[PDB]
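Text of query.cif (mmCIF, C-alpha atoms) as supplied:
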data_coords
#
loop_
_atom_site.label_atom_id
_atom_site.label_comp_id
_atom_site.auth_asym_id
_atom_site.auth_seq_id
_atom_site.Cartn_x
_atom_site.Cartn_y
_atom_site.Cartn_z
CA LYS A 123 -0.82 7.66 -11.02
CA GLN A 124 -0.25 10.77 -8.93
CA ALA A 125 1.01 8.23 -6.36
CA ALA A 126 3.33 6.79 -9.02
CA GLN A 127 4.72 10.26 -9.88
CA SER A 128 5.72 11.21 -6.35
CA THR A 129 7.27 7.77 -5.86
CA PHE A 130 9.27 7.86 -9.09
CA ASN A 131 10.50 11.40 -8.37
CA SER A 132 12.02 10.39 -5.00
CA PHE A 133 13.63 7.42 -6.75
CA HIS A 134 14.97 9.71 -9.47
CA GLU A 135 16.42 12.16 -6.91
CA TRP A 136 18.21 9.27 -5.15
CA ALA A 137 19.54 8.19 -8.54
CA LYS A 138 20.83 11.71 -9.33
CA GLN A 139 22.75 11.82 -6.05
CA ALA A 140 24.26 8.42 -6.93
CA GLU A 141 25.07 9.73 -10.38
CA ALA A 142 26.90 12.72 -8.88
CA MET A 143 29.36 10.40 -7.11
CA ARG A 144 32.63 9.07 -8.55
CA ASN A 145 32.49 5.38 -9.52
CA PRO A 146 29.83 4.61 -6.87
CA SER A 147 29.51 1.04 -5.55
CA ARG A 148 26.18 -0.69 -4.92
CA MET A 149 26.88 -0.09 -1.22
CA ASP A 150 27.52 3.63 -1.81
CA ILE A 151 24.19 3.91 -3.59
CA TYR A 152 22.59 1.96 -0.75
CA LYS A 153 24.02 4.20 2.01
CA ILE A 154 22.11 7.17 0.55
CA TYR A 155 18.88 5.22 1.23
CA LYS A 156 20.08 4.30 4.74
CA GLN A 157 21.16 7.90 5.45
CA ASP A 158 17.59 9.05 4.72
CA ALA A 159 16.08 7.19 7.71
CA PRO A 160 13.99 9.23 10.16
CA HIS A 161 15.97 10.06 13.30
CA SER A 162 13.70 10.12 16.37
CA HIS A 163 15.26 10.06 19.83
CA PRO A 164 14.64 6.62 21.32
CA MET A 165 11.80 5.83 23.69
CA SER A 166 12.82 5.89 27.37
CA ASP A 167 14.44 3.01 29.31
CA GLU A 168 11.13 2.08 30.95
CA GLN A 169 9.37 2.29 27.60
CA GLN A 170 11.93 -0.16 26.12
CA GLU A 171 11.41 -2.56 29.00
CA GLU A 172 7.62 -2.32 28.58
CA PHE A 173 8.22 -3.18 24.91
CA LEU A 174 10.16 -6.37 25.70
CA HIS A 175 7.60 -7.38 28.32
CA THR A 176 4.81 -6.95 25.76
CA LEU A 177 6.61 -9.15 23.25
CA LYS A 178 6.74 -11.91 25.89
CA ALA A 179 3.09 -11.29 26.80
CA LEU A 180 2.07 -11.48 23.13
CA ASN A 181 4.10 -14.61 22.41
CA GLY A 182 2.02 -17.80 22.50
CA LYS A 183 -1.31 -16.05 22.87
CA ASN A 184 -4.20 -15.66 20.39
CA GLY A 185 -2.60 -17.61 17.54
CA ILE A 186 0.56 -15.48 17.61
CA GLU A 187 4.23 -16.25 18.30
CA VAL A 188 7.18 -13.86 18.64
CA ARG A 189 10.69 -14.95 17.69
CA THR A 190 14.03 -13.18 17.61
CA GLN A 191 15.53 -12.81 14.15
CA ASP A 192 19.07 -13.03 15.55
CA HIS A 193 21.03 -15.13 12.99
CA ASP A 194 22.91 -17.24 15.56
CA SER A 195 19.66 -18.06 17.42
CA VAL A 196 17.83 -18.86 14.17
CA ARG A 197 20.35 -21.26 12.59
CA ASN A 198 20.70 -23.11 15.91
CA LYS A 199 16.90 -23.37 16.24
CA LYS A 200 17.18 -21.39 19.50
CA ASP A 201 14.77 -18.67 18.34
CA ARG A 202 11.93 -20.64 19.99
CA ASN A 203 12.59 -19.36 23.54
CA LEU A 204 11.69 -15.68 23.61
CA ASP A 205 11.95 -15.18 27.38
CA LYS A 206 15.46 -16.64 27.55
CA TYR A 207 16.79 -14.55 24.64
CA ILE A 208 15.48 -11.31 26.16
CA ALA A 209 16.91 -12.30 29.55
CA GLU A 210 20.43 -13.03 28.29
CA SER A 211 21.19 -11.53 24.89
CA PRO A 212 23.00 -8.17 25.08
CA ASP A 213 21.35 -7.42 21.74
CA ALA A 214 17.74 -7.93 22.90
CA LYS A 215 16.94 -4.20 22.75
CA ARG A 216 18.58 -3.79 19.33
CA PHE A 217 17.82 -6.70 17.02
CA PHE A 218 14.67 -7.48 15.00
CA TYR A 219 11.76 -9.59 16.22
CA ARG A 220 9.23 -11.26 13.97
CA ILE A 221 5.59 -11.66 14.81
CA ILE A 222 4.21 -14.83 13.25
CA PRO A 223 0.92 -16.73 13.27
CA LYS A 224 1.05 -20.04 15.15
CA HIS A 225 0.25 -21.85 11.91
CA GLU A 226 2.74 -20.81 9.22
CA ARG A 227 1.35 -19.15 6.08
CA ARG A 228 3.06 -19.80 2.71
CA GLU A 229 4.66 -16.68 1.16
CA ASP A 230 3.93 -15.68 -2.43
CA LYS A 231 7.06 -15.17 -4.51
CA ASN A 232 5.78 -11.62 -4.99
CA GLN A 233 4.83 -9.85 -1.78
CA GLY A 234 3.67 -6.44 -0.69
CA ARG A 235 5.46 -4.79 2.26
CA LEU A 236 3.68 -2.24 4.43
CA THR A 237 6.13 -0.05 6.36
CA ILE A 238 4.70 1.65 9.43
CA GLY A 239 6.19 4.74 11.09
CA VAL A 240 5.09 5.87 14.55
CA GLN A 241 6.72 7.87 17.31
CA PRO A 242 8.77 5.39 19.43
CA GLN A 243 6.57 6.12 22.45
CA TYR A 244 3.84 4.29 20.52
CA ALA A 245 5.89 1.29 19.33
CA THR A 246 4.40 -1.06 21.93
CA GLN A 247 0.85 -0.08 21.00
CA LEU A 248 1.65 -0.57 17.31
CA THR A 249 3.17 -3.98 18.01
CA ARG A 250 -0.02 -5.06 19.78
CA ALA A 251 -2.12 -3.87 16.85
CA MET A 252 0.18 -5.72 14.42
CA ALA A 253 -0.20 -8.97 16.37
CA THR A 254 -4.00 -8.65 16.41
CA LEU A 255 -4.09 -7.85 12.68
CA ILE A 256 -1.79 -10.77 11.87
CA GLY A 257 -4.02 -13.05 13.95
CA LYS A 258 -7.11 -12.05 11.93
CA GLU A 259 -5.78 -11.54 8.41
CA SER A 260 -4.38 -14.59 6.64
CA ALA A 261 -3.10 -12.40 3.78
CA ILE A 262 -0.36 -11.32 6.21
CA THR A 263 2.35 -13.96 6.47
CA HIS A 264 4.27 -12.16 9.25
CA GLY A 265 5.44 -8.88 10.69
CA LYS A 266 8.69 -7.58 12.07
CA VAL A 267 9.60 -4.92 14.60
CA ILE A 268 13.06 -3.56 15.41
CA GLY A 269 14.26 -3.66 19.04
CA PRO A 270 13.03 -0.75 21.24
CA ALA A 271 16.41 0.97 21.50
CA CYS A 272 16.38 1.53 17.71
CA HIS A 273 12.69 2.05 16.99
CA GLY A 274 12.31 5.36 15.14
CA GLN A 275 15.86 5.35 13.76
CA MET A 276 15.47 2.82 10.92
CA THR A 277 13.73 2.92 7.56
CA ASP A 278 12.13 -0.36 8.62
CA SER A 279 11.19 -0.06 12.33
CA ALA A 280 7.94 -1.96 11.64
CA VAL A 281 6.90 -3.95 8.56
CA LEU A 282 3.97 -6.22 7.60
CA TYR A 283 4.61 -8.81 4.85
CA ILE A 284 1.53 -9.29 2.72
CA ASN A 285 0.37 -11.74 0.06
CA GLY A 286 -1.53 -9.19 -2.01
CA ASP A 287 -1.40 -5.93 -3.96
CA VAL A 288 -1.50 -2.23 -3.11
CA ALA A 289 -5.30 -2.24 -2.64
CA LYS A 290 -5.06 -5.02 -0.04
CA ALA A 291 -2.27 -3.08 1.73
CA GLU A 292 -4.35 0.13 1.76
CA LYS A 293 -7.23 -1.70 3.43
CA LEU A 294 -4.93 -3.30 6.03
CA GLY A 295 -3.29 0.06 6.62
CA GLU A 296 -6.56 1.90 7.23
CA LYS A 297 -7.63 -1.02 9.41
CA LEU A 298 -4.39 -0.84 11.43
CA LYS A 299 -4.86 2.89 12.01
CA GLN A 300 -8.51 2.69 13.11
CA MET A 301 -7.92 -0.28 15.46
CA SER A 302 -4.52 0.61 16.99
CA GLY A 303 -5.77 3.35 19.31
CA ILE A 304 -2.69 5.33 18.30
CA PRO A 305 -3.44 9.04 17.75
CA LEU A 306 -3.20 10.10 14.12
CA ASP A 307 -0.71 12.85 14.96
CA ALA A 308 1.62 10.19 16.39
CA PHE A 309 2.26 8.63 12.98
CA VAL A 310 5.53 9.87 11.48
CA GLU A 311 5.56 11.77 8.17
CA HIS A 312 8.32 9.95 6.31
CA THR A 313 8.44 7.90 3.13
CA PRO A 314 11.52 5.79 2.42
CA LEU A 315 13.05 6.42 -1.00
CA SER A 316 11.22 4.65 -3.83
CA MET A 317 8.25 3.56 -1.65
CA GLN A 318 4.65 4.61 -2.21
CA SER A 319 3.06 6.70 0.55
CA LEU A 320 -0.44 5.47 1.46
CA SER A 321 -0.99 7.97 4.30
CA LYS A 322 1.09 9.52 7.08
CA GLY A 323 3.39 6.84 8.50
CA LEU A 324 2.27 4.18 5.99
CA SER A 325 4.54 3.33 3.06
CA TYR A 326 4.20 0.52 0.54
CA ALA A 327 6.55 -1.34 -1.79
CA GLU A 328 6.64 -4.69 -3.57
CA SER A 329 9.28 -7.40 -3.71
CA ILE A 330 9.62 -9.95 -6.51
CA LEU A 331 10.95 -13.40 -7.29
CA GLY A 332 11.24 -14.37 -3.65
CA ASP A 333 13.71 -11.49 -3.13
CA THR A 334 15.17 -11.10 0.38
CA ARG A 335 17.83 -8.45 -0.28
CA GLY A 336 15.44 -5.84 1.17
CA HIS A 337 13.75 -2.86 -0.49
CA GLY A 338 16.71 -0.45 -0.20
CA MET A 339 19.34 -2.78 -1.64
CA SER A 340 17.10 -4.01 -4.46
CA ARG A 341 16.29 -0.51 -5.69
CA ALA A 342 19.91 0.55 -5.11
CA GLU A 343 20.90 -2.15 -7.58
CA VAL A 344 18.39 -0.98 -10.19
CA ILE A 345 20.21 2.37 -10.02
CA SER A 346 23.64 0.73 -10.44
CA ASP A 347 22.38 -0.95 -13.58
CA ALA A 348 21.02 2.31 -15.01
CA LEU A 349 24.43 3.92 -14.35
CA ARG A 350 26.13 1.07 -16.24
CA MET A 351 23.92 1.46 -19.33
CA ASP A 352 24.78 4.01 -22.03
CA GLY A 353 23.50 5.53 -25.27
CA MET A 354 20.26 6.84 -23.74
CA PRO A 355 19.17 9.65 -21.35
CA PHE A 356 19.66 8.83 -17.65
CA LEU A 357 15.90 9.11 -17.11
CA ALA A 358 15.24 6.48 -19.80
CA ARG A 359 18.02 4.25 -18.41
CA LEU A 360 16.39 4.27 -14.94
CA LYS A 361 13.00 3.35 -16.40
CA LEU A 362 14.62 0.68 -18.57
CA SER A 363 16.58 -0.65 -15.59
CA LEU A 364 13.35 -0.81 -13.59
CA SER A 365 11.54 -2.75 -16.33
CA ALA A 366 14.53 -5.03 -16.99
CA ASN A 367 14.72 -5.82 -13.27
CA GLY A 368 11.04 -6.59 -13.01
CA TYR A 369 9.66 -3.37 -11.55
CA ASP A 370 7.13 -0.88 -12.88
CA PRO A 371 9.06 1.83 -14.78
CA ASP A 372 6.57 4.51 -13.73
CA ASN A 373 6.23 3.40 -10.12
CA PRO A 374 9.48 1.93 -8.67
CA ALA A 375 7.48 0.79 -5.64
CA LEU A 376 5.61 -1.80 -7.75
CA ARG A 377 6.20 -5.02 -9.72
CA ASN A 378 6.06 -4.62 -13.48
CA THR A 379 2.56 -5.16 -14.95
#
What does this structure look like when you write it as structure tokens?
Amino acid sequence: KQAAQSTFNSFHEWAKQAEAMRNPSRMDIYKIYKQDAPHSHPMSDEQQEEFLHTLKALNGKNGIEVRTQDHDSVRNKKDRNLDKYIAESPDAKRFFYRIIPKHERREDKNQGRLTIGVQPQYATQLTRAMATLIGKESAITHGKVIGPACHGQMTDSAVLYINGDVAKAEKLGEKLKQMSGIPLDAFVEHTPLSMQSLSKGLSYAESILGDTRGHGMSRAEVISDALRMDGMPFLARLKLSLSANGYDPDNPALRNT
């Protein structure tokens, strides 16, 4: 409720900035969300290398696999050789990696997404904790982490994809924090627009209908719709656009009902 209010208000602010623009495109609206990313200076060269080496060390152990999310690798079924990709790809420090359980878990059409924000110096530690948590918790279908050169500069540097609701995410979040060994001050105070803050560095949002546009683009498009409606206050149009698009009109982070 209080959670819902803070979340809606950041969504509404975003929407007002979109509304102030002249004939804004969906992409324009989306860039406002992208522009609001945290902007940490990257971890050092050695820290990046330690990150890649940890990925390779994690891959294939304790029920976990790590695969590049590089599109070319994926479609060619080449994403199954982590060590070779890191060795050769000039994008290895930049692209996303997914952390998956050895035995694939079916995704619900409606998933929760837990976004985790730590200082880039702790990315490796977080990644280890994510792998352990994914190993143990079958509610989590997979995780993803951005390459070490970009960790701390994206709205989505680290994400867990969860079959479950906000309560399940809260529990996994508190679990992640207590088990990671990462100092509490090292979590980054930042909540992406229209996501619900669970605690410092932990933000939650829900996706529907098997959506894969991503949280920013999906909520950007709710705003576009509201802008296209007429005859009602802008505030009511946003709430109506949320409902009509399947989200909770009082908490844009959540599915409707």
Discussion item. Residues within 7 Å of stretch 237-241 of chain A, please, as an MDAnalysis selection string. Count all atoms listed in the file; anything in the same chain fewer than 2 positions from it doesn't count.
Written reply: chainID A and resid 235 243:245 274 278 280:282 308:310 323:326
Discussion item. I need every residue sitting at most 9 Å from the point (3.8, 10.2, -3.5) (coordinates as in the file, only C-alpha atoms considered), written as number ranges by chain.
Written reply: A: 124-132, 313, 317-320
Discussion item. Please expand the PyMOL selection byres ((chain A and resi 296) around 12) into the concrete residues it hits in this file, giving the result as an MDAnalysis selection string.
Written reply: chainID A and resid 236 238 255 289:295 297:302 306 320:325
Mind dumping the selected residues with C-alpha atoms as a compact mmCIF listing (two decimals), in the frame of the given file?
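The resulting file, again_10.txt, is shown below:
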# COMPACT_ATOMS: atom_id res chain seq x y z
CA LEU A 236 3.68 -2.24 4.43
CA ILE A 238 4.70 1.65 9.43
CA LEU A 255 -4.09 -7.85 12.68
CA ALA A 289 -5.30 -2.24 -2.64
CA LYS A 290 -5.06 -5.02 -0.04
CA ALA A 291 -2.27 -3.08 1.73
CA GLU A 292 -4.35 0.13 1.76
CA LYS A 293 -7.23 -1.70 3.43
CA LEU A 294 -4.93 -3.30 6.03
CA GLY A 295 -3.29 0.06 6.62
CA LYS A 297 -7.63 -1.02 9.41
CA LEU A 298 -4.39 -0.84 11.43
CA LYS A 299 -4.86 2.89 12.01
CA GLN A 300 -8.51 2.69 13.11
CA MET A 301 -7.92 -0.28 15.46
CA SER A 302 -4.52 0.61 16.99
CA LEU A 306 -3.20 10.10 14.12
CA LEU A 320 -0.44 5.47 1.46
CA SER A 321 -0.99 7.97 4.30
CA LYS A 322 1.09 9.52 7.08
CA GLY A 323 3.39 6.84 8.50
CA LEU A 324 2.27 4.18 5.99
CA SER A 325 4.54 3.33 3.06
Worksheet item: Between A:209, A:198, A:186, A:153, which has the minimum distance to residue A:263 (counting only C-alpha atoms)?
Response: A:186
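Here the PyMOL selection byres ((chain A and resi 158) around 8) captures the residues residues 154, 155, 156, 157, 159, 160, 277, 314 and 315 of chain A.
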Keeping only C-alpha atoms, write the selected residues to a file as a PDB file, in the frame of the given file.
ATOM      1  CA  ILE A 154      22.110   7.170   0.550  1.00  0.00           C
ATOM      2  CA  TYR A 155      18.880   5.220   1.230  1.00  0.00           C
ATOM      3  CA  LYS A 156      20.080   4.300   4.740  1.00  0.00           C
ATOM      4  CA  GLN A 157      21.160   7.900   5.450  1.00  0.00           C
ATOM      5  CA  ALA A 159      16.080   7.190   7.710  1.00  0.00           C
ATOM      6  CA  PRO A 160      13.990   9.230  10.160  1.00  0.00           C
ATOM      7  CA  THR A 277      13.730   2.920   7.560  1.00  0.00           C
ATOM      8  CA  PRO A 314      11.520   5.790   2.420  1.00  0.00           C
ATOM      9  CA  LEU A 315      13.050   6.420  -1.000  1.00  0.00           C
TER      10      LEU A 315
END
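Between residue A:332 and the candidates A:202, A:179, A:230, A:351, the tightest atom-to-atom separation, counting all atoms listed in the file, involves A:230.
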Response to the item:
From atom CA of residue A:219 to atom CA of residue A:193 the spacing works out at 11.3 Å
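Nearest to residue A:228 of all the residues A:178, A:285, A:249, A:161 is A:285, counting all atoms listed in the file.
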Worksheet item: Mind telling me what the PyMOL selection byres ((chain A and resi 377) around 8) catches here, as number ranges by chain?
Response: A: 328-330, 368-370, 374-376, 378-379
Export, as a PDB file, keeping the file's coordinate frame, the selected residues with C-alpha atoms.
ATOM      1  CA  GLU A 328       6.640  -4.690  -3.570  1.00  0.00           C
ATOM      2  CA  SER A 329       9.280  -7.400  -3.710  1.00  0.00           C
ATOM      3  CA  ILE A 330       9.620  -9.950  -6.510  1.00  0.00           C
ATOM      4  CA  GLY A 368      11.040  -6.590 -13.010  1.00  0.00           C
ATOM      5  CA  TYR A 369       9.660  -3.370 -11.550  1.00  0.00           C
ATOM      6  CA  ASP A 370       7.130  -0.880 -12.880  1.00  0.00           C
ATOM      7  CA  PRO A 374       9.480   1.930  -8.670  1.00  0.00           C
ATOM      8  CA  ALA A 375       7.480   0.790  -5.640  1.00  0.00           C
ATOM      9  CA  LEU A 376       5.610  -1.800  -7.750  1.00  0.00           C
ATOM     10  CA  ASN A 378       6.060  -4.620 -13.480  1.00  0.00           C
ATOM     11  CA  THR A 379       2.560  -5.160 -14.950  1.00  0.00           C
TER      12      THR A 379
END
